[PDB]
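J.: Sharing a structure with you now.
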Amino acid sequence: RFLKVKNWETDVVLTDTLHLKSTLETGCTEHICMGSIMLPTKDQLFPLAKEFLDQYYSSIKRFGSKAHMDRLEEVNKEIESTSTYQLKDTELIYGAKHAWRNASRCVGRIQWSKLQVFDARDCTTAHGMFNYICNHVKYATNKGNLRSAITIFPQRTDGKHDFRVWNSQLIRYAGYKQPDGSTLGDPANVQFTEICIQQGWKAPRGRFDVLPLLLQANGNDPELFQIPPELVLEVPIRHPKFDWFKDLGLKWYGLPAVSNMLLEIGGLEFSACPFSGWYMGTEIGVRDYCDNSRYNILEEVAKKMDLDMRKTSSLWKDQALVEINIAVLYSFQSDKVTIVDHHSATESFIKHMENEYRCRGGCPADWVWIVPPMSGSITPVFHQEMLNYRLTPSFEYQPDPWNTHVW
Amino acid sequence: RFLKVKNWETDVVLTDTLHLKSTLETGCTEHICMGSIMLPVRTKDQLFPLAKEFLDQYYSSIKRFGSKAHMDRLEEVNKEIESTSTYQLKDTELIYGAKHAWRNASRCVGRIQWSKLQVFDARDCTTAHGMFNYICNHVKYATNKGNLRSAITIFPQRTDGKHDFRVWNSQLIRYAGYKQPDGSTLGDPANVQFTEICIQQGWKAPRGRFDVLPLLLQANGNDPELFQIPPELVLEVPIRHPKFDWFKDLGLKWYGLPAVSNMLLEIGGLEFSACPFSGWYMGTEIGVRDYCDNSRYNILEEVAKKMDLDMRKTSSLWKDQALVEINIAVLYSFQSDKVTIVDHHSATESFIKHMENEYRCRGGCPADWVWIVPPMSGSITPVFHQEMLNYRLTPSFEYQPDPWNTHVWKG
Ligand code: HEM
Ligand code: HEM
Ligand SMILES: Fc1cccc(CCNCCc2ccnc(-n3ccnc3)n2)c1
Ligand SMILES: Fc1cccc(CCNCCc2ccnc(-n3ccnc3)n2)c1
Ligand SMILES: C[C@H](O)[C@H](O)[C@H]1CNc2nc(N)[nH]c(=O)c2N1
Ligand SMILES: C[C@H](O)[C@H](O)[C@H]1CNc2nc(N)[nH]c(=O)c2N1
Ligand SMILES: [Zn+2]
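In order, the protein sequence lines correspond to chains R and A.
Heads up: the first sequence runs through residues 299 to 338, 350 to 716, numbered per full-length UniProt numbering.
Heads up: the second sequence runs through residues 299 to 338, 348 to 718, numbered per full-length UniProt numbering.
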């Protein structure tokens, strides 16, 4: 029940004690590991609140202090009275940072503690949402020198009045199916686009149309806003060696911002909580450009590179893949927009895991997501055993709102 | 229960009813997933159920379930266990056993081939010299002049665990490593220790970068003995690259026969602690792991130097660039000398056809994604987007400790 993790390349062995705080379940049993599956009231609330405050007061070394107890007392009163409660700003700051610290699929967590947190708990309408979201965008892009940030909309109440951002990220390109059979744009967003167009968006019908935001406040029908165009920094993609690369007309956006998750602190659920960091090159070059279901540009690139695409064992896919990724890192670097390569990212997460082991006694990590999708074994996370578990505060998945919102 | 696995590339959803036979355990709990953890003397008591289970499987598979012959064999085994404490498998059972151990190997990407396995029955083997001979025949039949065939040789089963047959090498064919006084390593770092054991047992080491190891063979729980494979039996391929003429001048070669010699084959509760098996290589095993782990031959820097990539910035992706070249060189050299090899695109596509089949025919295919996904270019191979359920069926291949840690020396 105290578990060791070994690195098979360095023979370093660490002991995890933190897992023994796991609360949420994994999907796995003694009989069957589910590690590669992408998606598996007053009395419930007080214990959730208690565990949180307890860890909070711990973290500021006033555990068991009058300040501590009083707080527990007050929150307890408040749940009993109001059946919910409100987080102090400091507690909210700490909750958000720790939900990131606990994000076991996130390779970028060495940064966890620098997070800029923006409290949008006073917001009441969709327009107020849009304004808060634009400031977050601007702050975070910071003219290409990206900074971490999260904006936190009012917490859930009776679940009739949810704040949600319908977009799955703040910035993403539209998807249009053609009378042709094929797909113009990002095939990931075809459905969501049908919903913007339903709700009224006048689609430019291009390959790289920034999607409008779709904001729902206080359980209301969501409404549409376009992000100021001048607030969306974009990078045209070129290759340091192939002059013809730019001719593919590719660009990607600089700010990666996840806008569909649910942040749970001390038992309260912030169902609208967009957060943003900066990209690892492979998110774009491998997944975004290369996944069959996405922009799918491998075949077109190999063909410019004049590779023998006649058989798989020439490795022409692997060739073209490396180049597309060279091209991405080089284009962000030339435009001075922050981007991290997968060597550098994983190198730093290994340091991060060691501090977490040293100073926390563990670090939850999901090897399936931590290891980059190209050149796995030449990054150090490959050789690193990781234990995956769920600690709270946490980011959780939640059902897409078009499935559940009634109008 | 049914369980569904989705493919994210294709939206195909599959259903697994097979995990319902999984008896062994995973290491996972609902509070922790140990899916990336490398490592997850038996009484009559336990044995009969294991025998019966196995034999129900065998008999169902031959469409003879509940037949007299089925029942009589149950009976026979039963009595053999009570009077002798163990039992002996029929040939056809040892054959179905070893086919299924492979079929159930969830870390093996090569399983579309599970039914074409040549099983050599070395159960009458009684000495170390007997083992050498059996193994030499395995290498030669498996190598088949470069047109590789799958094979496994199966020495007698454990009895009281004091008399175990064991091949101390971890693969039948593999290169010496030597630690030097200066800290450096000559040849394959992975095998320094076992190399030190052989030197100690009396091997006279060439001390080269590519010395084939001797076999170290334990029969009947006796101390084990050294044997040189006949060099003429050991196929090797010099590595050259189809455009880079300086690639050959790196001095690389690799052997053609990949053969796992350290696992434990379990059938109907019996335990075969010496059961060398071999297949053919997937290119990445050599050109990614063997050549490019830092803890292995580690030729990355040297290849990138020769390609004269920008190496001052890891974001030039110089490592990724040399990685692709080294792997093209491996697939290229093997194909040129006509030695069987499969690339990772071809290997993983085959496996996904296999795995779908298995869901239709069998109702499942235990698979371990951490292992099944290749170690370069993960996402552009169709396994990456395939959700997989990992679980343990028998018959099966297990890990066993290294014999040097457990062997009781006779002297
Ligand atoms: C600082 C720069 C950051 C980097 C380089 C980074 C890196 C990554 C990567 C590569 C993933 C995998 C996502 C995928 O492949 O689909 C990921 C997921 C995630 N990251 Fe980050 N991240 C960063 C900042 C943040 C911040 C600021 C937060 C929250 C405050 C966060 C929380 C998460 C979470 C919850 C996931 C899981 C997403 C999911 O389940 O789809 N990350 N991160
Ligand atoms: C026919 C060609 C074959 C191919 C291409 C193939 C491919 C592979 C690969 C790439 C691995 C992962 C090895 C590693 O990364 O360390 C593997 C593992 C394995 N294969 Fe195969 N294999 C083949 C034949 C066989 C055969 C004939 C058997 C048994 C009869 C077998 C049983 C296994 C087992 C048990 C593992 C797990 C390895 C371990 O746990 O260390 N394979 N296979
Ligand atoms: F194709 C899919 C279907 C369902 C879920 C999924 C995973 C999405 N994971 C978030 C991807 C993403 C995008 C932008 N930014 C981040 N991000 C930023 C900081 N940390 C993560 N992450 C993929
Ligand atoms: F460094 C390590 C410590 C423990 C296990 C490990 C993986 C070894 N896996 C067997 C590798 C291997 C070698 C030759 N041939 C096969 N092979 C042949 C058919 N199927 C697999 N497999 C590495
Ligand atoms: C099926 C498999 O879990 C799935 O495709 C995984 C693989 N690895 C991943 N890795 C990251 N970083 N993000 C992902 O969404 C996934 N998806
Ligand atoms: C620590 C981690 O489990 C280790 O690197 C695993 C990952 N995936 C692997 N995949 C294969 N095919 N072979 C391996 O040895 C490993 N090693
Ligand atoms: Zn698991």
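Each residue gets a CB set at the ideal place from its N, CA and C atoms; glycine is no exception.
1. Suppose only complete runs of 3+ residues qualify. What are the beta strand (DSSP E) ranges in the segment 506-590 of chain R, listed by chain order?
2. In whole angstroms, what separates the C-alpha of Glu632 of chain R from that of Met683 of chain A?
3. Roughly how many whole angstroms lie between the Cα atoms of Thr621 of chain R and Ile419 of chain A?
4. Under 7 angstroms from any heavy atom of ligand 3, by CB: list those residues in chain order, please.
5. For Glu389 of chain A and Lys351 of chain A, which I take to be in contact (beta-carbon distance under 8 angstroms), what is that distance rounded to the nearest angstrom?
6. Does chain R have any CB closer than 9 angstroms to the CB of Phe551 of chain A?
7. Strictly under 9 angstroms for the Cβ-Cβ distance: is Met662 of chain A near chain R by that measure?
8. Closer than 9 angstroms, Cβ to any Cβ of chain R: which residues of the segment 627-645 of chain A, in chain order?
9. Closest to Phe554 of chain R by CA distance: which of R:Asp650, R:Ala629, R:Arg410 is it?
10. Does the count of Cβ pairs from the segment 602-615 of chain R and the segment 312-323 of chain A closer than 8 angstroms reach three?
11. Closer than 7 angstroms between beta carbons: that is the criterion. Which residues of the segment 677-690 of chain R meet it against chain A?
12. Does the pairing of the segment 516-525 of chain A with the segment 457-465 of chain A give three or more beta-carbon distances under 8 angstroms?
13. Just checking: is the beta-carbon of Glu665 of chain R within a distance shorter than 9 angstroms of some beta-carbon in chain A?
14. Would you kindly report the start and end of the unbroken beta strand (DSSP E) that includes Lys304 of chain R?
15. Please name the residues in the segment 474-494 of chain R whose beta-carbon is closer than 9 angstroms to at least one beta-carbon of chain A, in chain order.
16. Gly576 of chain R: which of R:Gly325, R:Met336, R:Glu400 sits nearest, CA to CA?
17. Note down, in chain order, every chain R residue with its Cβ under 9 angstroms from the Cβ of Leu696 of chain A.
18. Going along the chain, which residues of the segment 592-605 of chain A sit with their C-beta nearer than 8 angstroms to a C-beta in chain R?
19. Hey, quick one: how far does the alpha helix (DSSP H) through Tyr639 of chain R stretch, first residue to last?
20. Which residues share a DSSP beta bridge with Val426 of chain R?
21. Hey, quick one: how far does the beta strand (DSSP E) through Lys486 of chain A stretch, first residue to last?
22. So what's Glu656 of chain R in DSSP terms, helix, strand or just coil?
23. When you compare the CB of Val303 of chain R with every CB in chain A, is at least one pair closer than 9 angstroms?
24. Which partner residues does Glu705 of chain A have in the DSSP bridge list?
25. Note down, in chain order, all residues in the segment 417-429 of chain R with a beta-carbon under 8 angstroms from any beta-carbon belonging to chain A.
26. Would you say the beta carbon of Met695 of chain A is closer than 8 angstroms to some non-hydrogen atom of ligand 2?
27. When you compare each of R:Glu705, R:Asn712, R:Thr327, R:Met378 to residue 342 of chain R by their alpha carbons, which one comes out closest?
28. Would you mind reading off the limits of the alpha helix (DSSP H) that contains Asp352 of chain A?
29. Give the straight-line distance between the Cα atoms of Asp627 of chain R and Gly494 of chain A, rounded to the nearest whole angstrom.
30. Identify the residues that DSSP records as bridge partners of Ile330 of chain A: which are they?
31. In the DSSP assignment, what are the bridge partners of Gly494 of chain A?
32. In three-state DSSP terms, what is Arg619 of chain R?
33. On the criterion of 16 or more Cβ atoms from any shown chain inside 10 Å, does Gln507 of chain R qualify as buried, or is it exposed?
34. Kindly say whether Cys326 of chain A, judged by its beta-carbon, lies nearer than 9 angstroms to any beta-carbon of chain R.
35. Less than 6 angstroms between C-beta atoms, sequence neighbours within five positions excluded: which residues of the same chain meet that for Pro545 of chain R?
36. Please compile the residues from chain A whose C-beta is within a distance smaller than 9 angstroms of the C-beta of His652 of chain R.
T.: The answer reads as follows:
1. 522-525, 532-534, 543-545, 560-562, 571-574, 577-579
2. Here residue 632 of chain R is taken as the residue at index 323 of the first sequence, counted from 1. Here residue 683 of chain A is taken as the residue at index 376 of the second sequence, counted from 1. Distance between the alpha carbons of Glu632 of chain R and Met683 of chain A: 14 angstroms.
3. Translated into the one-based positions of the first sequence, residue 621 of chain R becomes position 312. Translated into the one-based positions of the second sequence, residue 419 of chain A becomes position 112. Roughly 19 angstroms separates the two Cα atoms.
4. R:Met336, R:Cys415, R:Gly417, R:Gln478, R:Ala497, R:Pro565, R:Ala566, R:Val567, R:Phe584, R:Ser585, R:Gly586, R:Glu592, A:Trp306
5. Position 82 of the second sequence, counted from the first residue, corresponds to residue 389 of chain A. Position 44 of the second sequence, counted from the first residue, corresponds to residue 351 of chain A. That pair is a contact at about 7 angstroms.
6. Here the question's residue 551 of chain A lines up with position 244 in the second sequence. No, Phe551 of chain A lies away from the interface with chain R (no Cβ there is under 9 angstroms from its Cβ).
7. For the purposes of this step, residue 662 of chain A is taken as the residue at position 355 of the second sequence. No, no contact with chain R.
8. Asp627, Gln628, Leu630, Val631, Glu632, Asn634, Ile635, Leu638, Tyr639, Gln642
9. As a working note, residue 554 of chain R is residue 245 in the first sequence. The shortest C-alpha separation from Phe554 of chain R is found at R:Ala629.
10. no
11. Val677, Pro682, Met683, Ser684, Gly685, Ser686, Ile687
12. no
13. Looking up residue 665 of chain R in the first sequence gives position 356. Closer than 9 angstroms: no.
14. Translated into positions along the first sequence, residue 304 of chain R becomes position 6. 301-304 is the span of the beta strand (DSSP E), which, as asked, contains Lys304 of chain R.
15. none
16. Counting from 1 along the first sequence, the entry for residue 576 of chain R is found at position 267. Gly576 of chain R has its Cα closest to that of R:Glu400, out of R:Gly325, R:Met336, R:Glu400.
17. The sequence position of residue 696 of chain A within the second sequence is 389, counting from 1. Correct list: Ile330, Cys331, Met332, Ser334, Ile335.
18. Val595, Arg596, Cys599, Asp600, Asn601, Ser602
19. In the first sequence, the residue the question calls residue 639 of chain R occupies position 330. Per DSSP, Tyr639 of chain R belongs to the alpha helix (DSSP H) from 625-643.
20. Position 117 of the first sequence, counted from the first residue, corresponds to residue 426 of chain R. In DSSP, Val426 of chain R forms a bridge with R:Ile459.
21. Locating residue 486 of chain A in the second sequence gives position 179, where the first residue counts as 1. Unbroken beta strand (DSSP E) run through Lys486 of chain A: 484-486.
22. Position 347 of the first sequence, counted from the first residue, corresponds to residue 656 of chain R. Correct three-state label for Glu656 of chain R: helix.
23. Locating residue 303 of chain R in the first sequence gives position 5, where the first residue counts as 1. It does; some Cβ of chain A falls within 9 angstroms.
24. Indexing the second sequence from 1 puts residue 705 of chain A at position 398. For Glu705 of chain A, which the question treats as bridged, DSSP gives the partners A:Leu571.
25. none
26. For the purposes of this step, residue 695 of chain A is taken as the residue at position 388 of the second sequence. The answer is no for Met695 of chain A.
27. Chain R lacks the residues between 338 and 350, and residue 342 of chain R is one of those with no coordinates.
28. To locate residue 352 of chain A, count along the second sequence from 1; it is residue 45. From DSSP, the alpha helix (DSSP H) with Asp352 of chain A extends over 351-368.
29. Position 318 of the first sequence holds residue 627 of chain R. Position 187 of the second sequence holds residue 494 of chain A. Looking at the two C-alpha atoms, the distance is approximately 28 angstroms.
30. By one-based count along the second sequence, residue 330 of chain A stands at place 32. A:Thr327, per the DSSP bridge assignment.
31. As a first step, residue 494 of chain A must be located in the second sequence, where it is residue number 187. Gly494 of chain A is bridged to A:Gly484.
32. The residue you call residue 619 of chain R lines up with position 310 of the first sequence. Residue state, collapsed to three classes: coil.
33. The residue you call residue 507 of chain R lines up with position 198 of the first sequence. When all chains shown are included, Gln507 of chain R counts as exposed.
34. Counted from its first residue, the second sequence places residue 326 of chain A at position 28. Taking Cβ atoms only, chain R reaches closer than 9 angstroms to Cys326 of chain A, which makes this a yes.
35. As a working mapping, residue 545 of chain R is identified with position 236 in the first sequence. Around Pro545 of chain R: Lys560.
36. By one-based count along the first sequence, residue 652 of chain R stands at place 343. Per Cβ cutoff of 9 angstroms: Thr621, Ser622, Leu624, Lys626, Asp627.
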